[PDB]
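Because the Cβ atoms are built from the backbone with ideal geometry, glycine has one as well, and the counts that use them run over all protein chains shown. Please treat every number below as a calculation from the coordinates, not as lab data.
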Amino acid sequence: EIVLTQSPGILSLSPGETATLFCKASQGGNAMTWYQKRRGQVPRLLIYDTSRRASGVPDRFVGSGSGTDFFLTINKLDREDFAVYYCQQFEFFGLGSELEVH
Amino acid sequence: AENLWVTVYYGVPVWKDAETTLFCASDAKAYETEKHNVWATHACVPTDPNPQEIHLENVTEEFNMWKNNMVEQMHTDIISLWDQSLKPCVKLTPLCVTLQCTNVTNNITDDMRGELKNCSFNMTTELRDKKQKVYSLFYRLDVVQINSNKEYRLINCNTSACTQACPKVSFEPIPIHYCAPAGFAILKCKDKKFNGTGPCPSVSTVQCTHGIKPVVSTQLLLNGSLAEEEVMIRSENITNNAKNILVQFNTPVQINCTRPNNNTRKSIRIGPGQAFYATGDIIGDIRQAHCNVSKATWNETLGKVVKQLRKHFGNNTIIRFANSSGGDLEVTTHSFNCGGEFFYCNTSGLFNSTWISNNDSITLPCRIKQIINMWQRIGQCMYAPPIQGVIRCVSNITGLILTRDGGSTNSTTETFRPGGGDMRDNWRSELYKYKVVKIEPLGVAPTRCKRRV
Amino acid sequence: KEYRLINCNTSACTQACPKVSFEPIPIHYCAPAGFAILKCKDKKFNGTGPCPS
Amino acid sequence: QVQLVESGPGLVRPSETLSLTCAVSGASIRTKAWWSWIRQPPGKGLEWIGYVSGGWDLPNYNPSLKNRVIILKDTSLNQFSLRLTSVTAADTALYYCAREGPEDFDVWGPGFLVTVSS
Amino acid sequence: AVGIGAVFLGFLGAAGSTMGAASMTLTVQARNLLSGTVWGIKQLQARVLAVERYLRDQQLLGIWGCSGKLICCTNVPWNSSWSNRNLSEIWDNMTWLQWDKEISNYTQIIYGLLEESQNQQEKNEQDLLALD
Amino acid sequence: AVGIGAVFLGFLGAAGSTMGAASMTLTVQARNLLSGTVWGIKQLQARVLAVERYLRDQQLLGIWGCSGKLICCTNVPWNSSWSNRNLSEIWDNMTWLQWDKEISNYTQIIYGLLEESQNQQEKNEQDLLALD
Amino acid sequence: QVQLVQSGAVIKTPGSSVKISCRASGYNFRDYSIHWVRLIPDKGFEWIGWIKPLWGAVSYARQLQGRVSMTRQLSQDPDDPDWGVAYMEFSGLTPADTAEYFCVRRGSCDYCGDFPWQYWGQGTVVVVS
Ligand SMILES: *[C@@H]1O[C@H](CO)[C@@H](O[C@@H]2O[C@H](CO)[C@@H](O[C@@H]3O[C@H](CO[C@H]4O[C@H](CO)[C@@H](O)[C@H](O)[C@@H]4O)[C@@H](O)[C@H](O[C@H]4O[C@H](CO)[C@@H](O)[C@H](O)[C@@H]4O)[C@@H]3O)[C@H](O)[C@H]2NC(C)=O)[C@H](O)[C@H]1NC(C)=O
Ligand SMILES: *[C@@H]1O[C@H](CO)[C@@H](O[C@@H]2O[C@H](CO)[C@@H](O[C@@H]3O[C@H](CO)[C@@H](O)[C@H](O)[C@@H]3O)[C@H](O)[C@H]2NC(C)=O)[C@H](O)[C@H]1NC(C)=O
Ligand SMILES: *[C@@H]1O[C@H](CO)[C@@H](O[C@@H]2O[C@H](CO)[C@@H](O[C@@H]3O[C@H](CO)[C@@H](O)[C@H](O)[C@@H]3O)[C@H](O)[C@H]2NC(C)=O)[C@H](O)[C@H]1NC(C)=O
Ligand SMILES: *[C@@H]1O[C@H](CO)[C@@H](O[C@@H]2O[C@H](CO)[C@@H](O[C@@H]3O[C@H](CO)[C@@H](O)[C@H](O)[C@@H]3O)[C@H](O)[C@H]2NC(C)=O)[C@H](O)[C@H]1NC(C)=O
Ligand SMILES: *[C@@H]1O[C@H](CO)[C@@H](O[C@@H]2O[C@H](CO)[C@@H](O)[C@H](O)[C@H]2NC(C)=O)[C@H](O)[C@H]1NC(C)=O
Ligand SMILES: *[C@@H]1O[C@H](CO)[C@@H](O)[C@H](O)[C@H]1NC(C)=O
Ligand SMILES: *[C@@H]1O[C@H](CO)[C@@H](O)[C@H](O)[C@H]1NC(C)=O
Ligand SMILES: *[C@@H]1O[C@H](CO)[C@@H](O)[C@H](O)[C@H]1NC(C)=O
């Protein structure tokens, strides 16, 4: 199996700032999927193939990372972007990084 | 000397990866049989014998069978050819009619239902005024109970019309050689150990591919090209489970398959020059169609693929097999076309095994559909004509198509299930060697020569 | 009072497929090799005669 | 109705390879036109860098640009790009993409100040 | 190998060797570029695509200095920024694939330079035959 | 206009100018002559008509003095009855359309004269290389 | 557009079964796989299984085998070949199974794999009590 770990967990930030969410895999050499899920809504894809963006994704989201270590950088934090953020490798999911308003 | 000029060299050997159309080629021995009792040796050029397999040395090309072209083109060509060999044949539109069906005359137990239902029905003759009452035999998998009395209809008669196949054209595979046209060349990776993706250090160019006989099978792909020494598994990603795993093994496993129910065909005249081929009498015992494989050779080849599959999943790993998890019929069983009639044969006898890190024969029962809907179109079904005689066939099982279950939650075991899926995974088992490149002449290069006036 | 369709004594009729729609997509016409399409870009031009631009 | 919009940096280090790219809408690139780059040092007059053509002309630049300028057209993306290798801080200038036609440089780009600073 | 000593074999055989060795065997890669009820449309579009590509290459040559000379010195110089390697090293060190990977950027400016050089040679020859 | 000074633009751009100005821009009109389930028959007959016309023109050139020189001085003289105008006037005064309207009658005799001149040059060169 | 319409929320007794229909519309249904995923509160996501509707070939998760069954209904008419219906039947319900279930389809790009699910259904709340 693949164990995924969302290291910041709760992140307490203010609007307009930047954010960096780290995820760590148990097995390197693979792609990574980043999902956004707001409160009480449908989840929504952000990043596939560890650097590419989906339709309707603003380019202020930047996925990066390699091996076992991946980053998701969100510049210019809107109020709408304060949500839960998940990582995905083929079936296994991290437990979710929750973005909190400070 | 430092006043370098440029020179154009035409006919420079250099290529690029490209995606163009291809070139059919059939052997002339299949052309010797008159009037095309197999499909399309007239729609396909005769193969020039022993063409140029000229080697290439010190050349490293990256192959990729998963994003490969020409397997899509082979799928499209076989689909269009299968369509093009049915337009001459008779449409079975007037056969959609109320069938009065009973069980076949047999000492049937109440537990095991009769697979064959006898059905009598009205049918138009050649003359429009006169209709006749005629009977036939059908399978359980072709009739449904429309709704005392018990009356049936055919299964396809509320989704599409059906085309009866012509008994002239046979579905047995003749080998297809693919050839490049002018300005293109087919690079064959001749590496012994090669997992389908990456740099192949020993390639060779060619003009025409080897004999690729188009077989139709879901699990246990038949009569393919076996490997040189080892048993090679191939996947687009082994850690991924949504992609299939193409297992190609070394020693081909002999399989015997037969329908022992002797059949008598019967010509019923639908109209003027319209022949329909129904099933008449069952001469002899009423038995069940079945396939055999050698128990020891199958256990040995499963040991070989276990020994090879432990490379990608660690040594101390339990590997077990299971049967198919479900779905439609022709992905649960393994299906093929023996002697011009279709078999759907159960595979639970081949995949109940577990494997720890330290003169008999398996028989398996089949079922025989008379109608088929292969490639799962929206509005086509092929009726197949019943053939005379007890029917048997011998084949060389070459590879499997397996699928890992979506294992999570810290399990040592990793199970495998045979899954048919798309038909392209058959042709990707025979086009992993080849790729197509476009020759680009007229390179340019600096040297010391100036064109005089 | 019994009727019939209007076409049933001159021709058979083909029902249009509800897939294919008759709304016009724009067609660009192009010349092949060895031919060129001259467009008269004159503002005031009555279709016949010399087009100066 | 033609619209030209530059894109690229406005702050680069000297002794580097500068490159802009101007997108073109409202018309086609392969017209009777020279898609050109023209610059202007701040507070000073214009300085014509060069052009490229949508036909098959070879691009001809100002010889004061010291053969460091390669304008490359991209007809599959309706663009054309300026290059400037080995820049200096005295090359700080507003840059302009424009279109020479039967009239003289009708549609320009807005023009962006590239301030070369170390 | 078999073709050692007398350095030749079939087409694309020199593709692994260096470009200096491959330069002596160019006639066959030039040769195997032209010769070789609905499938006839596929065969026909393959054949006319082959002859269209061959005619485009022969027309690209014909507007340059050489019609069918197959090795053409010409009058355009060489920017040393493009190759930026030792000259005799590339004919004993590089394959044509690696060389085409090297000058992938520096393409399509060379062809316009060739056309300008050929038209300049044509107007110079026209003037030379005019004043005589 | 835009192409003033450096007199060039796209194909058929010189068609309005005089023939002396248009003579410097001939490579592109030569270029844009070849490249560019039942409609495939229309596409294919258009493509093979294009390559048939181009091959007829290249064969008409190839039987004359020039294979692909694209400007060919030759050895046949000029009847002054045909042009009957001032020589340097037509290169600053006439379009190619007007010139083709002028010599519409005087055609197809020039081509046989060219063939006779080329065959005479060939037999003279055969004799010259024979006696040496 | 790609539309995945699920069925309404449901309250089922323990030990019983449930069937959730995912109706897909706006693309050729015989091409792309359909995956089923769950969202349990305070447990994150958990993948269930995929089904390829061209032959209905299914694969289930290891810790859910024997309890789930996925079928499909294709469109057999030459006029509307796009719509289709997946069905997920979940049997043997426990109080831990109270969750929100989703049917998903992957993207349609080149480098898009199979698991980067682009299009999502609206979700279906299943409560066991
Ligand atoms: C591919 O091939 C495999 C291998 O054979 C098939 O698997 C078998 O499938 C059958 C049914 O599909 C399984 O079920 C068995 O049916 C027998 C007959 O049923 C009668 O008797 C039962 C009472 O036992 C009645 O309820 C019923 O109405 C019938 O009257 C049963 O006898 C079997 O019971 C077995 O287990 C019990 C356990 O207590 C024993 O006591 C019995 O003696 C007996 O051994 C059973 O119910 C059968 O189990 C499968 N085989 C194996 C080895 O597991 C696949 O079906 C086939 N694929 C397809 C698509 O058909
Ligand atoms: C083949 O065609 C014949 C001719 O139409 C069919 O026979 C007819 O079937 C109908 C339907 O059952 C019969 O009507 C019923 O008959 C019964 C018995 O006589 C009567 O009790 C009912 O009230 C009703 O009238 C009809 O009689 C029968 N005609 C004949 C001559 O048999 C037949 O069903 C078709 N199919 C087969 C398989 O033969
Ligand atoms: C793969 O193998 C398993 C066994 O390891 C098969 O499971 C068996 O499936 C059959 C039917 O699919 C079950 O038969 C039952 O028979 C009764 C008798 O009337 C019927 O009422 C039931 O509805 C059902 O049909 C059988 O119980 C079951 N085996 C066990 C142990 O539960 C499975 O079908 C195989 N899959 C394929 C595709 O062959
Ligand atoms: C799974 O693989 C093996 C083939 O090697 C087969 O397992 C067999 O299952 C039957 C079930 O009735 C066993 O029959 C009875 O088993 C009891 C023990 O539970 C035994 O005491 C009886 O005397 C009787 O044999 C049979 O022994 C067992 N085979 C072995 C070698 O243990 C089975 O065919 C495969 N499953 C499927 C679905 O095909
Ligand atoms: C499949 O059928 C073939 C029929 O030819 C079997 O081959 C024969 O097997 C017998 C028994 O060992 C031999 O005596 C013959 O020499 C074999 N003939 C040939 C031509 O091979 C084969 O054994 C069967 N295989 C299985 C697994 O049942
Ligand atoms: C395969 O053969 C080995 C060697 O006899 C044996 O130990 C093993 O149990 C066999 N496998 C099966 C499934 O019978
Ligand atoms: C070719 O140009 C690209 C920029 O488009 C550059 O990244 C690459 O390094 C260049 N190739 C070489 C060999 O320098
Ligand atoms: C060409 O010949 C025709 C007779 O066929 C004659 O009428 C015409 O005047 C000639 N053209 C010129 C320019 O003299």
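So the values come out like this:
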{"quantity": "Within a Gaussian network of chain A (alpha carbon springs, distance under 10 Å), most fluctuating of A:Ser51, A:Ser64, A:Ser12", "calculated": "A:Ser12"}
{"quantity": "Eligible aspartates and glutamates near G:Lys12 by straight Cα distance, threshold 18 Å, same-chain separation 8 or greater", "calculated": "G:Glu89, G:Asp97, G:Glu100"}
{"quantity": "Residue order, fewest to most beta carbons within 10 Å, for F:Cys72, C:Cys30, B:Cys366, B:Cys89", "calculated": "C:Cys30, F:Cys72, B:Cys89, B:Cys366"}
{"quantity": "Centre separation in Å (Cα based) which lies between region D:17-31 and region B:387-435", "calculated": "53 Å"}
{"quantity": "Region F:9-132: radius of gyration over Cα atoms, expressed as a fraction of 2.2 N^0.38 Å", "calculated": "1.35"}
{"quantity": "Pairs of Cα atoms farther than 28 Å apart, chain B, %", "calculated": "60 percent"}
{"quantity": "Contour minus Cα-Cα distance for B:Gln100 and B:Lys35 (0.36 nm per residue)", "calculated": "19.5 nm"}
{"quantity": "Debye equation applied to the C-alpha atoms of region B:61-174, log10 I(q)/I(0) at 0.19, 0.20 Å⁻¹", "calculated": "-1.12, -1.17"}
{"quantity": "Order of B:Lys450, F:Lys123 under a 10 Å beta carbon neighbour criterion, fewest first", "calculated": "F:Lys123, B:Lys450"}
{"quantity": "Qualifying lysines (Cα of each under 18 Å from Cα of B:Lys193; at least 8 residues distant if same chain)", "calculated": "B:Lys304, B:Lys307, B:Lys311, B:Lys433, B:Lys435"}
{"quantity": "Spin-label model distance (nm) - D:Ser19 vs C:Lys43, 7 Å beyond Cα toward Cβ", "calculated": "4.4 nm"}
{"quantity": "Chain F - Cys residues lacking any other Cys C-beta under 4.7 Å", "calculated": "F:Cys73"}
{"quantity": "Added length on full extension, which subtracts the Cα-Cα distance from 0.36 nm per residue, G:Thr98 to G:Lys43", "calculated": "18.6 nm"}
{"quantity": "Calculated label separations, F:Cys73, copies of the chain, 7 Å along the beta-carbon direction, nm", "calculated": "2.4"}
{"quantity": "Order of B:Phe171, D:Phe105 - criterion: other Cβ atoms within 10 Å of each residue's Cβ, fewest first", "calculated": "D:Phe105, B:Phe171"}
{"quantity": "Total charge dipole magnitude, chain B, about the Cα centre, Cβ charges on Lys, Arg, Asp, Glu only, Debye to nearest 20", "calculated": "560 debye"}
{"quantity": "About the Cα centre, charge dipole magnitude for region E:44-127 (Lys/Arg +1, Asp/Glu -1 at Cβ), debye", "calculated": "300 debye"}
{"quantity": "Computed Kirkwood radius, in angstrom, where 1/r is averaged over Cα pairs of chain D", "calculated": "14.2 Å"}
{"quantity": "Cα coordinate range in region F:33-89, projected on the principal axes (Å, largest first)", "calculated": "56, 23, 17"}
{"quantity": "Chain G shape via C-alpha gyration tensor axes, a/c threshold 1.5", "calculated": "prolate"}
{"quantity": "Overall form of region F:1-64 per C-alpha gyration tensor (a/c, 1.5; a/b vs b/c)", "calculated": "oblate"}
{"quantity": "Sum of -39500 (n - 2.57) over DSSP H runs of 4+, divided by residues of the protein assembly as shown (222 nm, nearest 500)", "calculated": "-5000 deg cm²/dmol"}
{"quantity": "Neighbouring partner chain Cβ atoms per residue of F:57-69, average, 10 Å criterion", "calculated": "2"}
{"quantity": "³J(HN,Hα), Karplus 6.51/-1.76/1.60, whole Hz, each residue of region B:168-175, x for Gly, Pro", "calculated": "5, 6, 9, 9, 5, x, 9, x"}
{"quantity": "FRET efficiency estimate (nearest 0.05) - Cβ-Cβ, D:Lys66 to F:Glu52, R0 45 angstrom", "calculated": "0.35"}
{"quantity": "Net lengthening on full extension, B:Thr60/B:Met112 (0.36 nm per residue, minus Cα-Cα)", "calculated": "12.7 nm"}
{"quantity": "Local electrostatic count, B:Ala322, Cβ distance below 14 Å [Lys/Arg +1, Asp/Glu -1]", "calculated": "+2"}
{"quantity": "Most fluctuating residue given options D:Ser64, D:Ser36, D:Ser81, as computed from a GNM of chain D linking Cα atoms under 10 Å", "calculated": "D:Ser64"}
{"quantity": "Span from the region G:17-94 Cα centroid across to the region B:244-269 one, whole angstrom", "calculated": "32 Å"}
{"quantity": "For F:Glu125, label point 7 Å along C-beta direction: distances to other copies, nm", "calculated": "1.2"}
{"quantity": "B:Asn292-G:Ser108 FRET efficiency (beta carbon distance; Förster radius 41 Å; 0.05 resolution)", "calculated": "0.40"}
{"quantity": "Two-site label geometry, C:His28 and A:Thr5: point separation in nm, points 7 Å out along Cα→Cβ", "calculated": "5.6 nm"}
{"quantity": "Among the listed pairs B:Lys243/B:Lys295; B:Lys117/B:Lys150; B:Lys16/E:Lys69, those beyond 23 Å (Cα-Cα)", "calculated": "B:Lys243/B:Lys295; B:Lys16/E:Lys69"}
{"quantity": "Share of Cα-Cα pairs in the protein assembly as shown lying beyond 50 Å, as whole percent", "calculated": "44 percent"}
{"quantity": "Distance between region B:1-73 and region A:28-58 - C-alpha centres, whole angstrom", "calculated": "42 Å"}
{"quantity": "For residues of G:106-118, the mean tally of beta carbons on other chains within 10 Å", "calculated": "6"}
{"quantity": "Cβ-vector label at 7 Å, F:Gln29, separations to other copies in nm", "calculated": "3.7"}
{"quantity": "Sequence-distant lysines (8 or more away, or on other chains) whose Cα lies within less than 22 Å of D:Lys44", "calculated": "D:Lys66"}
{"quantity": "Filtered trypsin sites (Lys or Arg not before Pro), region D:19-62: DSSP coil and at most 11 other beta carbons within 10 Å", "calculated": "D:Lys44"}
